[PDB]
Amino acid sequence: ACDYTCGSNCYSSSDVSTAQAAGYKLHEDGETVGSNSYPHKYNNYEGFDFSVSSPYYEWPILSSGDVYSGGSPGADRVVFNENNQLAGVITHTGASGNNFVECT
Ligand SMILES: Nc1nc2c(ncn2[C@@H]2O[C@H](COP(=O)(O)O[C@@H]3[C@H](O)[C@@H](CO)O[C@H]3n3cnc4c(=O)[nH]c(N)nc43)[C@@H](O)[C@H]2O)c(=O)[nH]1
Ligand SMILES: [Ca+2]
């Protein structure tokens, strides 16, 4: 079963932890990857239900199981805060335009 389902993409807790760790490291290093400069601030314009405090940062989570290293980020993201606490997993899949919805 999937710990997180983003559209048709299935991720387990371990997939998320590995992605998050990568993202947080670049964050603490003040480094970025990709044309869209990830990890980058996540504003929470959607108003989700995060039980962890802001600020938030988003980082791609890939269905191939690889850690994002640039190129297309796909539709799914891991959202973490300053304390490396997981806020949630979200996706553009099933959301209009560039909005996001939560992974279930
Ligand atoms: N496979 C796939 N990819 C998609 C889809 N929709 C968008 N994409 C891809 O994902 C990427 C777009 O997302 P980004 O995370 O890069 O961009 C952010 C957001 O989409 C953009 C415009 O607002 O600024 C940022 N951004 C920063 N903070 C926020 C926020 O709180 N809410 C939203 N929605 N965006 C925030 C593109 O590279 C595009 O190809 C989709 O349905 N399927
Ligand atoms: Ca996996």
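Residues numbered from 1 in each chain as written, not as in the entry; some residues may be left out. Chains lettered and ligands numbered in written order. Heavy atoms only, no water.

The record lists X-ray crystallography as the method behind this PDB entry and 1.8 Å as its resolution.

(A) Local environment of the site of ligand 1. In the region of ligand 1, 18 residues are neighbours, and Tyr 38, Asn 44, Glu 46, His 92 and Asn 98 sit closest. Between an oxygen atom of ligand 1 and a main-chain N or O atom of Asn 44, the distance comes to 2.8 Å. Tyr 45 has a polar backbone atom sitting 3.0 Å from an oxygen atom of ligand 1. With the chains in place, 65% of the 800 Å² that ligand 1 exposes on its own is no longer accessible. (Near = heavy atom within 4 Å. Polar contact = N/O pair within 3.5 Å; in protein donor to acceptor, adjacent residues only side chain to side chain. Areas by Shrake-Rupley, 256 points an atom, 1.4 Å probe, with all protein chains shown as cover.)

(B) Geometry of the nonpolar core. Core analysis: the largest hydrophobic core is formed by 17 residues, its most contacted members being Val 16, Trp 59, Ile 61, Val 78, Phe 80 and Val 89. Elements supplying a minimum of two residues to this core: α1 (13-29), β4 (56-60) and β5 (76-81). Per element, the largest residue contribution to this core is five residues, and it comes from α1. The residues contacting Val 16, other than those within four sequence positions of it, are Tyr 4, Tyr 11, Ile 61, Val 78, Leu 86 and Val 89. Counting nine residues, the second largest nonpolar core, distinct from the first, contains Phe 48, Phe 50, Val 52 and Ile 90. (Core = buried A, V, L, I, M, F, W, Y, C linked by side-chain atoms within 4.5 Å. Buried < 20%, exposed > 50% of the residue type's maximum accessible area, 1.4 Å probe, protein only. Helix = DSSP H or I, 4+ residues; strand = E, 2+ residues; numbered from the N terminus. Contact = heavy atoms within 4.5 Å.)

(C) Spotlight on the pattern of salt bridges. Tallied over the entire structure, the rule returns one salt bridge. The partner of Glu 58 in a salt bridge is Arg 77, and the shortest N-O contact between them spans 3.2 Å. Highlighted residues: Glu 58 in strand β4 and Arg 77 in strand β5, separated in sequence by 19 residues. (Salt bridge = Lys/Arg side-chain N within 4 Å of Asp/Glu carboxyl O.)

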